[PDB]
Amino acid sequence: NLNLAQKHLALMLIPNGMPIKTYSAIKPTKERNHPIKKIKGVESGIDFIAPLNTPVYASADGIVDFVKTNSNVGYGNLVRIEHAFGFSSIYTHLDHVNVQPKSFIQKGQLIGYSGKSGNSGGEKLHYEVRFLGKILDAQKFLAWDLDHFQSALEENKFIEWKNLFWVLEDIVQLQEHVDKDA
């Protein structure tokens, strides 16, 4: 069992929650023609079926490392955010992008608006969560929050969660007013 400070810090730095608030369905991208590979069955995050120009928000603190605008092929307009501890999030098929490459990002900050750009198959946000470039189960991160803290800990094939929370414990330790007098 973890303390509240560890939990809170984790939920600031690692993608969690809903990056789009209005959607009518959530569907693995595996079930449609993949935006680049153009076939079904590719393990590739999720799609939110959602109206055009719904705001999209950053799912954790970070920095923007890549943006496409004025694109109408493949992923279409996109934002990629690099987070702490090797995680990244990608947001695709956007109608408008609000952020620039190399800008710092806060959790919940507006990064764009959903659209149908690229090989979208209609209006939707495409969303991925990666760890050192490897594709994860995004739904485990969507469902993750302070009251339901187990959800992302289930994605543990590549990720050593105990090790992560030990590192986080070394950070949250510092809120106690101490130490290190020889």
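Note that residue numbering follows the sequence shown and begins at 1.
- Look at the mean CA B-factor for 15-23 and for 169-177 in the entry; the higher one is 169-177.
- Relative to its counterpart among 68-76 and 82-90, 68-76 has the higher mean temperature factor, C-alpha atoms as listed in the PDB entry.
- In this structure the maximum Cα B-factor among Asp61, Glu128, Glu123, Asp145 is found at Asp145.
- Between the residues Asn156, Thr29, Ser117, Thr54, it is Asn156 that shows the highest Cα B-factor in the PDB record.
- Among the modelled residues of its chain, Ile49 has a C-alpha B-factor that falls in the lowest third according to the deposited record.
- Split the chain's modelled residues into thirds by C-alpha temperature factor. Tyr113 is in the lowest one.
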